[PDB]
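Read the structure below first, then the notes.
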Amino acid sequence: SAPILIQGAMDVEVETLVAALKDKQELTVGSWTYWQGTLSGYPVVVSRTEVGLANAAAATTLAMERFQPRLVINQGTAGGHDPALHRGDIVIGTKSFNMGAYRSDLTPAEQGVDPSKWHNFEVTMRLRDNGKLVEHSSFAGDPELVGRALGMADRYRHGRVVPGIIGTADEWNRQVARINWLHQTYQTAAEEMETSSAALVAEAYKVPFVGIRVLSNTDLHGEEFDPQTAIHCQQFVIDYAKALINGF
Amino acid sequence: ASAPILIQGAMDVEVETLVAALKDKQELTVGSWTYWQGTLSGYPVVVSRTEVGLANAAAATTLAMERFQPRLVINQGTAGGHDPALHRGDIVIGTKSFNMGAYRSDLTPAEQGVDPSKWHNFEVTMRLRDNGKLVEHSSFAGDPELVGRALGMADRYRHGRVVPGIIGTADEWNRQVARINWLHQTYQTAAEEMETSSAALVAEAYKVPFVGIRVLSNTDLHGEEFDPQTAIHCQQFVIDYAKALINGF
Ligand SMILES: Nc1ncnc2[nH]cnc12
Ligand SMILES: Nc1ncnc2[nH]cnc12
């Protein structure tokens, strides 16, 4: 009877999920609200995480302690990094990673600032397991959960559903050259602000995880933020969760 | 039962001195996060090894809130200097901490390249809700009485100055001196590290008094490389500080 945990950061990313729940009970602890109910008769907890890595990790940890979920779906909006993708396309996270983690080598003031020399700082994703250090350069989406979403692609009617790499950072990048550099360096499909942080906590608790993100925008094609994409993503995720539940 | 003081450090070298000071210990690990529960001066204290970076700090802090319901949080450890006035061994008491790594930029076309001086602090990363209502934060103030106590104890620290300052938290280790200088000039940072504002965010959400206490382990402004002994010195000061709080309980 362990629930599916479904996450979104902002109100617009969870209200459709919350409306789908039957026999809802609301719980707020600290800054974080949860709605506990059922989908297709099976326990589901919807979590509004608030925004960014710290909020995502807090909200995920709190859900682990309170609800002991059997799997986590983290979803919401993202900005395009891959020029092949457009607003409305959905990325299923084959992996996510902390794209905002940076270490740089020593340079004197005279040499100025060059972000192209910065390195991904992997210690930010390092964990312990039974007390022993375990390195991580990314967090893989549970590959069966990833495959299921890809297999359901034709059920989403507002864009393509594709596998891709989710770059998580406390960032909203609109310098197109920076987006291009991040894509060329890390092969990112899209950027957002929670996935790898929630994924880190799910790895620590050994709970299967998948990130599902709709492109709400992409500056690679002059496509500005469309809030309706967040609703469409939740509709797909409800369908996805119901399919999982049909198999439980 | 008395609510414990929670004391945090990210790495082994930042907690082993704290752990050795506790009496009647037990050690609890959940997920990736270890806690040592014991007493200092007969009062309950929990020492937390948070692991490194903002996500880990927030998870470790949240888990401690749920398991232990602490009465206050001291987040401590090492940091890299941003203020040229400061040297390795100096301790910064966090008048405020903030998410220095949070970046938002206005639209620029590819031909204009990349310009980090145009990346502005992205405050939504510190926004919270209080009883369901959105509350903006551009930083988290250290509890001002906790901050004041640490400053009042400055001359009990045997290995450097104790100064108030702004702690810049990011998933970063900056060694481009021009970048350090820019961050200092833009945000008035004393030092940079990787946990404080994230732990502070969680403490604010739970309305638990918080203070960040950081020793400079290094600063590229003075060619001072990392010295692990600073972490031990910081823990010694924090033990003295915690015992003073306990004397008042
Ligand atoms: N471009 C973008 N960057 C970061 N977070 C986002 N959420 C939606 N679009 C985003
Ligand atoms: N310069 C530095 N930057 C980030 N974290 C640190 N921890 C110790 N020194 C540091």
Side-chain angles (χ1 to χ4, degrees), chain A residues 8-10 12-13 51-53 56 75-81 85 87-88 91 99-104 106 121 123-124 166-176 178-179 182-183 188-195 213-221 223-227 229-230 233, chain B residues 9-11 13-14 52-54 57 76-83 86 88 92 100-105 107 122 124-125 167-177 179-180 183-184 189-196 214-222 224-228 230-231 234:
Chain A
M10 303 175 295
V12 70
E13 289 164 321
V51 176
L53 278 81
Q75 58 85 58
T77 59
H81 272 206
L85 304 179
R87 185 175 60 201
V91 175
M99 184 183 70
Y102 309 121
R103 58 173 171 87
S104 52
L106 180 67
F121 198 13
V123 74
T124 63
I166 294 173
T168 299
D170 279 331
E171 302 178 3
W172 192 310
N173 291 285
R174 304 199 69 189
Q175 300 182 350
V176 170
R178 179 62 169 172
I179 297 169
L182 290 166
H183 174 67
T188 38
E191 66 170 45
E192 45 69 74
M193 307 177 66
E194 295 85 30
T195 299
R213 291 276 171 163
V214 67
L215 275 66
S216 51
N217 63 107
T218 170
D219 283 327
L220 305 185
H221 297 298
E223 292 162 1
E224 295 180 1
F225 186 85
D226 173 14
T229 61
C233 188
Chain B
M11 321 184 91
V13 74
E14 293 163 320
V52 177
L54 279 83
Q76 58 84 59
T78 58
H82 273 205
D83 187 330
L86 302 181
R88 188 172 61 201
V92 178
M100 189 181 66
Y103 303 129
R104 187 203 59 80
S105 47
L107 180 68
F122 197 16
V124 73
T125 63
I167 294 171
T169 299
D171 278 332
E172 298 174 6
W173 178 10
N174 289 284
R175 305 200 70 182
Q176 299 178 347
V177 171
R179 179 64 168 172
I180 295 169
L183 292 167
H184 176 64
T189 39
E192 68 170 42
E193 44 68 77
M194 306 179 66
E195 296 86 30
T196 301
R214 291 275 173 164
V215 66
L216 273 68
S217 51
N218 64 102
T219 169
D220 284 329
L221 305 183
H222 296 299
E224 295 167 358
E225 292 283 318
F226 185 88
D227 175 13
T230 60
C234 184

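Just so it is clear: chains get the letters A, B, ... in the order the sequence lines come, proteins before strands, and each one is counted from 1. These numbers come from the heavy atoms of this one structure, side chains and all, not from hydrogens, waters or symmetry mates. We count ligands from 1, going down the list as the structure has it; atoms in each ligand are counted the same way.
For ligand 1, the 4.0 Å heavy-atom shell contains residues A:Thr77, A:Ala78, A:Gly79, A:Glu171, A:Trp172, A:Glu191, A:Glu192, A:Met193, A:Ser216, A:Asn217.
A donor-acceptor distance shorter than 3.5 angstrom exists from the side chain of B:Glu192 to the backbone of B:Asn174, with no hydrogens or angles considered. The closest donor-acceptor contact from the side chain of A:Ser104 to the backbone of B:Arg175 lies under 3.5 Å. Between the side chain of A:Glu13 and the backbone N or O of A:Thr77 there is at least one donor-acceptor pair closer than 3.5 Å.
Around atom CE of B:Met11, no more than 12 heavy atoms belonging to other residues, nucleotides or ligands sit under 6.0 Å away.
For A:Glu194 and A:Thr168, the side-chain atoms include no donor-acceptor pair closer than 3.5 Å.
Relative orientation of the A:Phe121 and B:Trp173 rings is tilted, given thresholds of 30° and 60° on the angle between their planes.
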